[PDB]
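Remember, it's 1-based here, ligands and their atoms both numbered in the order they're listed. Here, residue 1 is the first one in the sequence, and each next residue gets the next number.
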Amino acid sequence: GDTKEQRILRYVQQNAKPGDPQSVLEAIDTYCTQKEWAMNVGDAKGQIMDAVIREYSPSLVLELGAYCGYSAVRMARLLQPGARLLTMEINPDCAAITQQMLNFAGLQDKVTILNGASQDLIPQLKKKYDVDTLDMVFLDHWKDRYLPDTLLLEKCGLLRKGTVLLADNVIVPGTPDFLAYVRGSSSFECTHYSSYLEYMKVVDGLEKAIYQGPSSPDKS
Ligand SMILES: COc1ccc(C2(c3cc(-c4cn(C)nc4C)[nH]n3)CC2)cc1
Ligand SMILES: [K+]
Ligand SMILES: [Mg+2]
């Protein structure tokens, strides 16, 4: 049975060129702009993502919610050699599409795709995937999971001082608990990046949250 996600991949494979991540991004955005809407794409958002990768030059990136691979392709194309992206996708068919998308784009050696739920996989990163700490986390999965998975990342020792969290859709449909927490906490230095959703004619935004280290115990 045909699916939207299969159609997106087919359109890339037909129209983009293998080993050219930019042609892949442009094919996805054209398709989602002209044929059918899809989650987790957008060049405008992608501009902001590019700037963060460019500025912080992360060597180890965790993505939550790969979907079809748009953001994984977007990020991995800007990674230095030896840098790596781990991306998590809870739906197995979407994981498969993300893998072929990345393969087509020629980025398969930079990315590891994990098929499972974030709260199950995150505490396995140290033991299973030889992670010390993450340089950057991109959150674009289930919105009610942004806050818990962030606390879970902290818990598991995966965050270091200077780790960049970048969270999408914090305005539409919104992640109010997450925003209140990271903005209200001294453990996160937060910058908001507005980005206009052109055809819904509404402002969304990303939140950048830089980890500052954990809250210190009471002293005297
Ligand atoms: C209904 O709104 C949606 C539906 C699907 C998604 C997507 C997603 C979410 C996850 C996920 C959830 N957990 C707990 N862990 C992981 C990993 N993977 N992929 C993007 C495809 C985003 C928003
Ligand atoms: K804060
Ligand atoms: Mg999204």
Handout entry: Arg10/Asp2 ion pair, N-O < 4.0 Å
Key =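 Yes.
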Exercise for the section: Mark yes when over 12 heavy atoms from residues, nucleotides or ligands other than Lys128 sit less than 6.0 Å from its NZ; otherwise mark no. Expected result: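 No, the 6.0 Å shell around NZ holds no more than 12 heavy atoms from other groups.
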Practice task
Can you establish whether the number of heavy atoms outside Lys126 located under 6.0 Å from its atom NZ is more than 12?
Solution key: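 Enclosed.
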Put together the list of close N/O pairs, under 3.5 Å, between ligand 1 and the protein, could you?
unit_1	atom_1	unit_2	atom_2	d
ligand 1	15 (N)	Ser118	N	2.9
ligand 1	15 (N)	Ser118	OG	3.3
ligand 1	18 (N)	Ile90	N	3.1
ligand 1	19 (N)	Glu89	OE1	2.8
ligand 1	19 (N)	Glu89	OE2	3.2

Practice task
Kindly say whether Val172 contributes a backbone atom to a donor-acceptor pair with the side chain of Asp204 at under 3.5 angstrom?
Solution key: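 Checked: pair present.
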Handout entry: Pairing of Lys208 and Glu189 as salt bridge, 4.0 angstrom limit
Key =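 The answer is no: the pair does not qualify as a salt bridge.
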Practice task
Please answer whether the main-chain N or O of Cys32 pairs with a side-chain N or O of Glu36 as donor and acceptor at a distance below 3.5 Å.
Solution key: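 Checking the backbone N and O of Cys32 against the side chain of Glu36, no donor-acceptor pair under 3.5 Å is found.
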Practice task
Would you mind counting protein N, O or S atoms that sit less than 2.8 Å from the Mg ion (ligand 3)?
Solution key: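 Under the 2.8 Å cut-off, the count stands at 3.
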Practice task
Treat each ILVMFWY residue as a node, draw an edge where side-chain heavy atoms are under 4.5 Å apart, and state whether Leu107 and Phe138 are in one component.
Solution key: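 Yes, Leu107 connects to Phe138 through the hydrophobic network.
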Exercise for the section: Could you list all the ring-ring contact (aromatic ring centres under 6.0 Å, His included) pairs where at least one residue sits in residues 140-182, not counting sequence neighbours? Expected result: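 For residues 140-182: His141-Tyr146, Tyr146-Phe178.
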Problem - Side chain proximity check, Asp93 to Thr3, heavy atoms < 4.5 angstrom - result: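 Result no, sub-4.5 Å side-chain heavy-atom pair not found.
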Exercise for the section: Quick one: name the protein N/O/S atoms under 3.4 Å from the K ion (ligand 2), chain by chain. Expected result: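 Sorted hits: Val182 O, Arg183 O, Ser185 O, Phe188 O.
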Practice task
Taking only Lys NZ, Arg NE, NH1 and NH2, and the carboxylate oxygens of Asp or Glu, determine whether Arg160 and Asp132 approach each other closer than 4.0 Å.
Solution key: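 Here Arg160 does not pair with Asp132 in a salt bridge, since their nearest N and O are not under 4.0 Å apart.
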Exercise for the section: Apply side-chain hydrogen bond (donor to acceptor under 3.5 Å, both in side chains) to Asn40 and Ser71, showing your working. Expected result: CA-CA 7 Å; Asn40 290 16; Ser71 289; 5.8 Å; no
Handout entry: Whether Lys110 side chain and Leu85 backbone form a donor-acceptor pair below 3.5 Å
Key =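 Answer holds: no.
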Problem - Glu89 and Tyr67: side chain donor to acceptor below 3.5 Å - result: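 The answer is no; no qualifying pair exists.
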